[PDB]
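Student: Quick one, start.txt (compact mmCIF, C-alpha atoms):
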```
# COMPACT_ATOMS: atom_id res chain seq x y z
CA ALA N 1 80.38 -58.75 41.84
CA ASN N 2 77.94 -56.29 40.37
CA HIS N 3 76.10 -55.24 43.55
CA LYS N 4 79.35 -54.78 45.46
CA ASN N 5 80.61 -52.81 42.44
CA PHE N 6 77.39 -50.91 41.94
CA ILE N 7 78.25 -49.51 45.36
CA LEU N 8 81.84 -48.77 44.44
CA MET N 9 80.94 -47.12 41.17
CA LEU N 10 78.19 -45.20 42.96
CA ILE N 11 80.86 -43.72 45.18
CA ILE N 12 83.32 -43.20 42.32
CA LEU N 13 80.75 -41.30 40.30
CA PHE N 14 79.84 -39.26 43.39
CA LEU N 15 83.49 -38.47 44.02
CA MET N 16 83.99 -37.51 40.39
CA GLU N 17 81.03 -35.16 40.64
CA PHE N 18 82.78 -33.72 43.69
CA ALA N 19 85.42 -32.66 41.19
CA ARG N 20 82.77 -30.41 39.67
CA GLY N 21 83.15 -28.44 42.84
CA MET N 22 86.33 -27.51 41.04
CA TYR N 23 86.46 -26.62 37.42
CA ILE N 24 82.80 -25.87 36.86
CA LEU N 25 80.42 -24.64 39.53
CA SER N 26 82.74 -23.15 42.12
CA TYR N 27 86.41 -22.60 41.31
CA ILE N 28 86.07 -21.51 37.68
CA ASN N 29 83.19 -19.24 38.70
CA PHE N 30 85.45 -17.48 41.18
CA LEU N 31 88.63 -16.69 39.20
CA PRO N 32 87.73 -13.20 37.85
CA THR N 33 87.05 -11.81 41.34
CA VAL N 34 90.49 -12.58 42.77
CA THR N 35 92.59 -12.61 39.59
CA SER N 36 92.92 -10.76 36.29
CA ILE N 37 91.43 -13.72 34.42
CA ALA N 38 88.71 -12.53 32.08
CA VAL N 39 85.13 -12.47 33.27
CA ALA N 40 84.40 -14.32 30.00
CA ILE N 41 87.25 -16.84 29.97
CA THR N 42 85.74 -18.62 32.97
CA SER N 43 82.42 -18.54 31.11
CA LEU N 44 84.12 -20.13 28.11
CA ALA N 45 86.02 -22.85 30.00
CA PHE N 46 82.65 -23.85 31.46
CA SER N 47 81.16 -24.60 28.05
CA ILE N 48 84.32 -26.09 26.47
CA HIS N 49 84.16 -28.37 29.48
CA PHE N 50 80.61 -29.45 28.62
CA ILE N 51 81.17 -29.74 24.87
CA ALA N 52 84.17 -31.90 25.78
CA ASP N 53 81.95 -34.23 27.79
CA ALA N 54 79.09 -34.30 25.28
CA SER N 55 81.44 -34.90 22.35
CA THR N 56 83.64 -37.45 24.08
CA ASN N 57 80.61 -39.44 25.29
CA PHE N 58 79.57 -41.16 22.09
CA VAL N 59 83.10 -41.91 20.88
CA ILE N 60 84.16 -43.21 24.31
CA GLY N 61 81.21 -45.58 24.33
CA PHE N 62 82.79 -47.48 21.44
CA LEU N 63 86.32 -46.83 22.75
CA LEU N 64 85.28 -49.01 25.66
CA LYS N 65 83.05 -51.29 23.60
CA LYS N 66 86.09 -53.19 22.30
CA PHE N 67 89.34 -51.23 22.59
CA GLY N 68 89.55 -51.36 26.37
CA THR N 69 87.92 -51.43 29.80
CA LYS N 70 90.17 -50.87 32.80
CA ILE N 71 92.61 -48.53 31.04
CA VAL N 72 89.99 -46.17 29.56
CA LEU N 73 88.78 -45.56 33.10
CA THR N 74 92.46 -45.39 34.03
CA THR N 75 93.35 -42.94 31.26
CA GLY N 76 90.38 -40.85 32.34
CA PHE N 77 91.65 -40.96 35.90
CA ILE N 78 95.08 -39.84 34.73
CA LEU N 79 94.00 -36.94 32.56
CA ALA N 80 91.49 -35.75 35.15
CA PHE N 81 93.96 -35.92 38.04
CA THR N 82 96.69 -34.25 36.00
CA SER N 83 94.50 -31.50 34.60
CA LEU N 84 93.35 -30.76 38.13
CA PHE N 85 96.98 -31.00 39.18
CA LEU N 86 97.73 -28.29 36.65
CA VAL N 87 95.66 -25.75 38.58
CA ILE N 88 97.28 -26.57 41.93
CA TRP N 89 100.62 -25.30 40.56
CA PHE N 90 99.41 -22.86 37.85
CA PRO N 91 96.22 -21.33 39.25
CA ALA N 92 95.73 -18.04 37.40
CA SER N 93 97.06 -19.06 33.98
CA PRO N 94 93.99 -18.91 31.69
CA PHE N 95 95.32 -21.68 29.48
CA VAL N 96 95.47 -24.23 32.31
CA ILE N 97 91.94 -23.15 33.23
CA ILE N 98 90.36 -23.61 29.80
CA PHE N 99 92.44 -26.77 29.22
CA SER N 100 91.72 -28.63 32.45
CA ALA N 101 88.02 -27.89 32.12
CA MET N 102 88.28 -29.54 28.73
CA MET N 103 90.17 -32.49 30.24
CA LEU N 104 88.14 -32.86 33.44
CA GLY N 105 85.16 -32.81 31.11
CA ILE N 106 86.51 -35.80 29.21
CA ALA N 107 87.16 -38.08 32.18
CA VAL N 108 83.64 -37.93 33.66
CA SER N 109 82.07 -39.41 30.51
CA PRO N 110 83.64 -42.92 30.68
CA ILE N 111 82.64 -43.26 34.31
CA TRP N 112 79.11 -42.21 33.42
CA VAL N 113 78.55 -44.60 30.54
CA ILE N 114 80.25 -47.54 32.23
CA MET N 115 78.11 -46.63 35.25
CA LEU N 116 74.78 -46.82 33.45
CA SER N 117 75.77 -49.37 30.77
CA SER N 118 76.64 -52.15 33.24
CA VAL N 119 75.95 -52.20 36.98
CA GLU N 120 72.19 -51.60 36.62
CA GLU N 121 70.18 -54.78 36.11
CA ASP N 122 67.45 -53.35 33.81
CA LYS N 123 65.12 -53.91 36.77
CA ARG N 124 66.80 -50.59 37.65
CA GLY N 125 64.10 -48.14 38.79
CA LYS N 126 66.25 -47.66 41.95
CA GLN N 127 69.75 -47.95 40.41
CA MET N 128 69.52 -45.08 38.07
CA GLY N 129 67.80 -43.37 41.01
CA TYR N 130 70.85 -43.98 43.17
CA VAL N 131 73.12 -42.96 40.31
CA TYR N 132 71.35 -39.67 39.60
CA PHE N 133 70.99 -38.88 43.28
CA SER N 134 74.69 -39.47 43.91
CA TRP N 135 75.46 -37.43 40.78
CA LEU N 136 73.47 -34.44 41.98
CA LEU N 137 74.90 -34.89 45.48
CA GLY N 138 78.56 -34.86 44.53
CA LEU N 139 78.00 -32.02 42.03
CA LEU N 140 76.31 -29.65 44.53
CA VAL N 141 78.23 -30.66 47.67
CA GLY N 142 81.51 -30.16 45.86
CA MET N 143 80.45 -26.70 44.75
CA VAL N 144 79.37 -25.76 48.29
CA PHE N 145 82.66 -27.15 49.61
CA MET N 146 84.77 -25.04 47.29
CA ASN N 147 82.68 -22.04 48.32
CA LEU N 148 83.69 -22.87 51.89
CA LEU N 149 87.35 -23.09 50.77
CA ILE N 150 87.61 -19.77 48.89
CA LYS N 151 86.16 -18.03 51.96
CA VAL N 152 89.33 -19.20 53.76
CA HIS N 153 91.60 -18.47 50.82
CA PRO N 154 90.61 -18.51 47.14
CA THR N 155 93.13 -20.34 45.01
CA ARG N 156 95.29 -21.93 47.74
CA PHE N 157 93.12 -24.99 48.42
CA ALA N 158 93.15 -26.29 44.82
CA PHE N 159 94.84 -29.56 45.78
CA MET N 160 91.60 -30.57 47.53
CA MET N 161 89.45 -31.00 44.48
CA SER N 162 92.68 -32.15 42.80
CA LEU N 163 92.92 -35.04 45.32
CA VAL N 164 89.28 -36.09 45.56
CA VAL N 165 89.87 -37.63 42.16
CA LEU N 166 92.90 -39.34 43.69
CA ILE N 167 90.81 -41.08 46.33
CA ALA N 168 88.13 -41.87 43.73
CA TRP N 169 90.75 -43.52 41.51
CA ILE N 170 92.38 -45.43 44.38
CA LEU N 171 88.87 -46.62 45.24
CA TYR N 172 88.39 -47.57 41.59
CA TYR N 173 91.35 -49.95 41.75
CA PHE N 174 89.26 -52.12 44.12
CA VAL N 175 86.49 -52.49 41.48
CA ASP N 176 86.44 -55.50 39.19
CA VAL N 177 85.96 -53.94 35.77
CA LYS N 178 82.39 -53.84 34.44
CA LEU N 179 83.23 -55.16 30.95
CA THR N 180 85.95 -57.24 29.27
CA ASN N 181 88.32 -55.81 26.66
CA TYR N 182 89.44 -59.44 25.99
CA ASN N 183 90.98 -59.42 22.48
CA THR N 184 89.49 -56.86 20.10
CA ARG N 185 90.08 -58.93 16.98
CA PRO N 186 87.43 -56.88 15.07
CA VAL N 187 89.41 -53.71 15.72
CA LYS N 188 87.67 -51.52 13.12
CA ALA N 189 85.17 -53.50 11.04
CA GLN N 190 82.89 -53.62 14.08
CA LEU N 191 83.99 -50.33 15.69
CA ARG N 192 83.16 -48.06 12.77
CA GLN N 193 80.19 -50.20 11.74
CA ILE N 194 78.53 -49.87 15.14
CA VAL N 195 79.20 -46.13 15.28
CA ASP N 196 77.43 -45.99 11.93
CA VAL N 197 74.43 -48.23 12.63
CA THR N 198 73.77 -46.57 15.98
CA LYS N 199 74.13 -43.03 14.61
CA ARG N 200 71.78 -43.91 11.74
CA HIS N 201 69.27 -45.28 14.24
CA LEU N 202 67.18 -42.45 15.68
CA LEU N 203 66.33 -44.07 18.99
CA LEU N 204 64.08 -41.07 19.70
CA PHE N 205 66.75 -38.45 19.11
CA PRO N 206 63.92 -35.86 19.20
CA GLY N 207 63.27 -37.15 22.71
CA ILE N 208 66.82 -36.88 24.02
CA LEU N 209 68.16 -33.67 22.52
CA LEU N 210 64.90 -31.87 23.22
CA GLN N 211 64.98 -33.20 26.79
CA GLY N 212 68.40 -31.64 27.26
CA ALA N 213 67.28 -28.45 25.53
CA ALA N 214 64.33 -28.18 27.92
CA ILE N 215 65.89 -29.14 31.27
CA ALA N 216 68.71 -26.60 31.00
CA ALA N 217 67.01 -23.67 29.22
CA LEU N 218 65.61 -22.18 32.45
CA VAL N 219 68.22 -22.67 35.19
CA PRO N 220 70.48 -19.70 34.24
CA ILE N 221 67.41 -17.50 33.66
CA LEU N 222 65.56 -18.55 36.84
CA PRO N 223 67.56 -16.27 39.22
CA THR N 224 66.49 -13.28 37.13
CA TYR N 225 62.93 -14.58 37.54
CA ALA N 226 63.45 -14.24 41.30
CA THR N 227 63.13 -10.49 40.77
CA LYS N 228 59.60 -11.09 39.41
CA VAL N 229 58.65 -13.76 41.97
CA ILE N 230 56.78 -11.45 44.37
CA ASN N 231 57.00 -8.06 46.06
CA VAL N 232 60.06 -8.30 48.28
CA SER N 233 59.69 -8.52 52.06
CA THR N 234 62.28 -8.21 54.81
CA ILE N 235 62.07 -11.89 55.86
CA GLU N 236 59.47 -13.47 53.56
CA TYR N 237 61.28 -13.08 50.20
CA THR N 238 64.82 -14.35 49.50
CA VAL N 239 64.54 -16.78 52.40
CA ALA N 240 61.29 -17.97 50.82
CA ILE N 241 63.22 -18.52 47.58
CA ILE N 242 65.70 -20.56 49.60
CA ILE N 243 62.76 -22.59 50.93
CA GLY N 244 61.55 -23.07 47.36
CA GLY N 245 64.94 -24.56 46.59
CA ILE N 246 64.79 -26.65 49.76
CA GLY N 247 61.40 -28.28 49.20
CA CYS N 248 62.31 -28.91 45.57
CA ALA N 249 65.63 -30.56 46.40
CA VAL N 250 63.93 -32.88 48.88
CA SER N 251 61.74 -33.98 45.95
CA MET N 252 64.79 -35.33 44.08
CA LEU N 253 66.09 -36.51 47.45
CA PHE N 254 62.73 -38.25 47.85
CA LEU N 255 63.29 -39.93 44.48
CA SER N 256 66.57 -41.59 45.26
CA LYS N 257 64.63 -44.13 47.31
CA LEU N 258 61.21 -44.72 45.70
CA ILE N 259 61.70 -44.79 41.95
CA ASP N 260 61.73 -48.57 41.63
CA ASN N 261 59.26 -48.57 44.51
CA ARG N 262 57.09 -47.25 41.64
CA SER N 263 58.61 -48.71 38.43
CA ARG N 264 56.96 -51.94 37.21
CA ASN N 265 55.39 -53.20 33.96
CA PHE N 266 54.92 -50.47 31.31
CA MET N 267 56.59 -47.16 32.14
CA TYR N 268 55.07 -45.53 29.04
CA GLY N 269 52.26 -43.74 30.87
CA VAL N 270 54.29 -42.13 33.66
CA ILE N 271 56.69 -40.54 31.15
CA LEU N 272 53.99 -38.64 29.25
CA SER N 273 52.16 -37.97 32.51
CA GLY N 274 55.22 -36.26 33.95
CA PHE N 275 55.61 -34.38 30.67
CA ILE N 276 52.14 -32.86 30.81
CA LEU N 277 52.52 -32.34 34.57
CA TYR N 278 55.54 -30.11 34.26
CA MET N 279 53.77 -28.51 31.30
CA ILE N 280 50.97 -27.47 33.65
CA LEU N 281 53.39 -26.42 36.37
CA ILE N 282 55.45 -24.26 34.00
CA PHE N 283 52.19 -22.68 32.87
CA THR N 284 51.41 -22.10 36.56
CA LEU N 285 54.93 -20.88 37.36
CA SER N 286 55.88 -17.43 36.06
CA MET N 287 52.30 -16.50 35.18
CA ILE N 288 50.74 -16.59 38.67
CA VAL N 289 52.53 -17.04 41.97
CA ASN N 290 52.26 -16.62 45.71
CA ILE N 291 55.09 -17.05 48.20
CA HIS N 292 53.98 -20.55 49.23
CA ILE N 293 52.81 -21.37 45.69
CA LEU N 294 56.44 -21.68 44.64
CA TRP N 295 57.16 -24.11 47.48
CA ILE N 296 54.59 -26.67 46.38
CA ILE N 297 55.27 -25.95 42.72
CA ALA N 298 58.99 -26.35 43.43
CA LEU N 299 58.35 -29.63 45.22
CA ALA N 300 56.28 -30.73 42.23
CA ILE N 301 58.86 -29.66 39.66
CA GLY N 302 61.55 -31.48 41.62
CA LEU N 303 59.43 -34.60 41.94
CA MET N 304 58.89 -34.45 38.19
CA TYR N 305 62.63 -34.14 37.63
CA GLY N 306 63.63 -36.90 40.01
CA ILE N 307 60.97 -39.31 38.75
CA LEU N 308 61.33 -38.49 35.05
CA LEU N 309 65.10 -38.76 34.61
CA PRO N 310 65.47 -42.36 35.97
CA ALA N 311 62.20 -43.45 34.34
CA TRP N 312 63.18 -42.02 30.97
CA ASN N 313 66.52 -43.81 31.31
CA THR N 314 64.90 -47.15 32.19
CA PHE N 315 62.43 -46.60 29.34
CA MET N 316 65.27 -46.20 26.86
CA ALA N 317 67.03 -49.27 28.25
CA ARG N 318 63.81 -51.28 28.02
CA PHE N 319 63.60 -50.37 24.34
CA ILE N 320 67.25 -49.90 23.34
CA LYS N 321 68.79 -52.74 21.41
CA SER N 322 71.33 -54.51 23.60
CA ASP N 323 74.73 -56.26 23.42
CA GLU N 324 76.20 -52.88 22.43
CA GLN N 325 75.39 -51.02 25.63
CA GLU N 326 78.85 -49.46 26.07
CA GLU N 327 78.26 -47.17 23.08
CA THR N 328 74.47 -47.34 22.80
CA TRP N 329 74.53 -45.28 25.99
CA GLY N 330 77.42 -43.05 24.93
CA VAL N 331 75.51 -41.77 21.91
CA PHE N 332 72.51 -41.01 24.12
CA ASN N 333 74.69 -39.05 26.53
CA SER N 334 76.27 -37.13 23.65
CA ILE N 335 72.90 -36.08 22.26
CA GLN N 336 71.53 -35.39 25.74
CA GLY N 337 74.41 -33.11 26.73
CA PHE N 338 74.41 -31.39 23.35
CA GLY N 339 70.73 -30.66 23.89
CA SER N 340 71.53 -29.55 27.44
CA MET N 341 73.99 -27.00 26.05
CA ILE N 342 71.81 -25.92 23.11
CA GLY N 343 68.94 -25.38 25.57
CA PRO N 344 70.22 -22.33 27.46
CA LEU N 345 71.71 -21.07 24.19
CA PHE N 346 68.27 -21.27 22.54
CA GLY N 347 66.24 -19.95 25.47
CA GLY N 348 68.49 -16.91 25.76
CA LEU N 349 68.03 -16.06 22.08
CA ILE N 350 64.28 -16.69 22.21
CA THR N 351 64.30 -14.21 25.12
CA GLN N 352 65.82 -11.47 22.92
CA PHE N 353 62.22 -10.25 22.50
CA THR N 354 60.86 -10.91 26.01
CA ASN N 355 61.85 -13.02 29.02
CA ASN N 356 58.39 -14.62 29.23
CA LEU N 357 58.86 -16.26 25.82
CA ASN N 358 61.12 -18.89 27.44
CA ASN N 359 58.21 -20.53 29.29
CA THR N 360 55.92 -20.42 26.25
CA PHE N 361 58.85 -21.97 24.37
CA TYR N 362 58.73 -24.77 26.94
CA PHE N 363 54.96 -25.01 26.40
CA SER N 364 55.57 -25.44 22.67
CA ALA N 365 58.19 -28.06 23.56
CA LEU N 366 55.40 -29.84 25.51
CA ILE N 367 52.96 -29.48 22.59
CA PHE N 368 55.48 -31.18 20.30
CA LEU N 369 55.95 -33.65 23.14
CA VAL N 370 52.25 -34.52 22.79
CA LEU N 371 52.94 -35.24 19.11
CA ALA N 372 55.96 -37.48 19.74
CA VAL N 373 54.64 -39.43 22.76
CA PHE N 374 51.98 -41.00 20.54
CA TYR N 375 54.78 -42.79 18.66
CA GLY N 376 56.43 -44.45 21.67
CA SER N 377 53.15 -45.89 22.98
CA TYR N 378 50.62 -47.64 20.74
```
For this file, produce the structure as structure tokens.

Tutor:
Amino acid sequence: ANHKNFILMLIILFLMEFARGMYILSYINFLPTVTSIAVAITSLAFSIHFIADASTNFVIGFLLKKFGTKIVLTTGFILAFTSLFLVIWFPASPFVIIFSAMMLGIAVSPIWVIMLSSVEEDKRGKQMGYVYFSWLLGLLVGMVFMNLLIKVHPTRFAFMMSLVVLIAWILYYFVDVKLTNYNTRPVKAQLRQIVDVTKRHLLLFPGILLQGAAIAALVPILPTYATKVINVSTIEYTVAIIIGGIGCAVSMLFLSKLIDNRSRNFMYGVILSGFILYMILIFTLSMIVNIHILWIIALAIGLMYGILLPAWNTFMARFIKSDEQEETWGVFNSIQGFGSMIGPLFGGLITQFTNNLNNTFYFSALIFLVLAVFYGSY
């Protein structure tokens, strides 16, 4: 019932991203202010959350490829709900904080790979658009929600993101599973062999890890760039930065709906075209700016994001080898998240000399992109 279950999974994913209004963007970020928890420990639980996801991705792809289907989503539901249940009773203990971020980081991965390894039809210029839109939506709306909760009381309302996973799991029980565990007679001779043959295959690993290293290398450093955006004005400054965020978000909001409205035949040209386009816009970004220049450049950078991510995913799927999709996707997500963590870690060390070297580092990433795009299109 794949279209009825593409809906269900679309909601389940969204609801699971709502649980990143807990142990990542909002609730972890708040602990030091109200408690004696270290200003750094929340910064560590954040990353041990993301290394947990990025690491667990590729192994879980196989762990569903033959070992199971319904239970691996069920075990993820259990460990996520229980690790979030740890905070509702033990809020300020640092160990529960760093642990549940590790565990909530595990559970999201199976839902992600089963989400993009199955319910999309590979005529999925819209599907991954709906998936990525719902992902961004649940992620940001959860964080805003938990901001609204701490402003009532900080740590009290921790059952709420603890129970969103409960409704997402109850909703999951209505989904027919998106693969069959059947009988895994080749328990290991195929398991290990596929983890080997897929690892050994570089299905454009330079594409994926560098894509993660580029997308994430600027977001932490961008708010410090707000100081250099323009001479501050009483009404035309920070509110203008808010408008730059607004017109950029609408871009990705625009690209929930019309990504398969513009995804037919060869995608190879639009990928490189978006690459050079955000090259030009990053060159136009920090270097020269006016107050309204950011708004159109933000709308353009968001259109590039919301058109590139689904189109890069559909491009991979159009040239991934198939009948191993449960893990063929998990390895991609592992490398993509590991690049997404190495990105900010590399931009912040490249900025040890000057903050403007981050954008020229992105320009060099684009120049190597010009080298590697010639290989994927002939």

Student: Tell me, in Å to one decimal, how far CA of residue 205 in chain N is from CA of residue 331 in chain N.

Tutor: 9.8 Å

Student: With a distance cut-off of 12 Å and only C-alpha atoms, select the neighbouring residues of residue 223 in chain N, excluding the residue or stretch itself and same-chain residues fewer than 5 positions from it, and output the selection as a ChimeraX atom specification.

Tutor: /N:218,228-229,238,241-242,245

Student: State, in Å with one decimal place, the distance from CA of residue 5 in chain N to CA of residue 336 in chain N.

Tutor: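 Distance between the two atoms: 25.8 Å.
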
Student: Residues near residue 310 in chain N, anyone? I mean within 10 Å using only C-alpha atoms, not counting same-chain ones fewer than 5 positions away, as JSON, numbers by chain.

Tutor: {"N": [124, 125, 126, 127, 128, 129, 130, 131, 132, 133, 255, 256, 259, 260, 263, 305, 315, 316]}

Student: Give me, please, the distance in Å between CA of residue 114 in chain N and CA of residue 176 in chain N, quoted to one decimal.

Tutor: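 Those two atoms sit 12.3 Å apart.
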
Student: Identify which of the residues N:189, N:291, N:307, N:116 lies closest to residue 232 in chain N, counting all atoms listed in the file when measuring atom-to-atom distances.

Tutor: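 Using all atoms listed in the file, residue 232 in chain N sits closest to N:291.
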
Student: Nearest to residue 48 in chain N: which of N:102, N:87, N:10, N:309 is it, counting all atoms listed in the file?

Tutor: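 When distances to residue 48 in chain N are compared using all atoms listed in the file, the smallest one comes from N:102.
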
Student: May I have the residues within 12 Å of residue 266 in chain N as a PyMOL selection string, using only C-alpha atoms and disregarding those fewer than 3 positions away in the same chain?

Tutor: chain N and resi 262-263+269-271+311-312+314-315+318-319+376-378

Student: Using only C-alpha atoms, find the one residue out of N:225, N:306, N:296, N:366 that sits nearest to residue 257 in chain N.

Tutor: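 Under the stated criterion, the closest residue is N:306.
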
Student: May I have the protein, DNA and RNA residues with any atom at most 9 Å from the point (88.6, -50.9, 21.6), counting only C-alpha atoms, written as a VMD selection string?

Tutor: chain N and resid 62 to 69 181 183 to 184 186 to 188 191

Student: Please determine, counting only C-alpha atoms, which residue among N:368, N:375, N:338, N:6 has the shortest atom-to-atom distance to residue 120 in chain N.

Tutor: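 Counting only C-alpha atoms, the residue closest to residue 120 in chain N is N:6.
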
Student: Point out the residue among N:24, N:88, N:177, N:51 with the least atom-to-atom distance to residue 2 in chain N, counting all atoms listed in the file.

Tutor: N:177
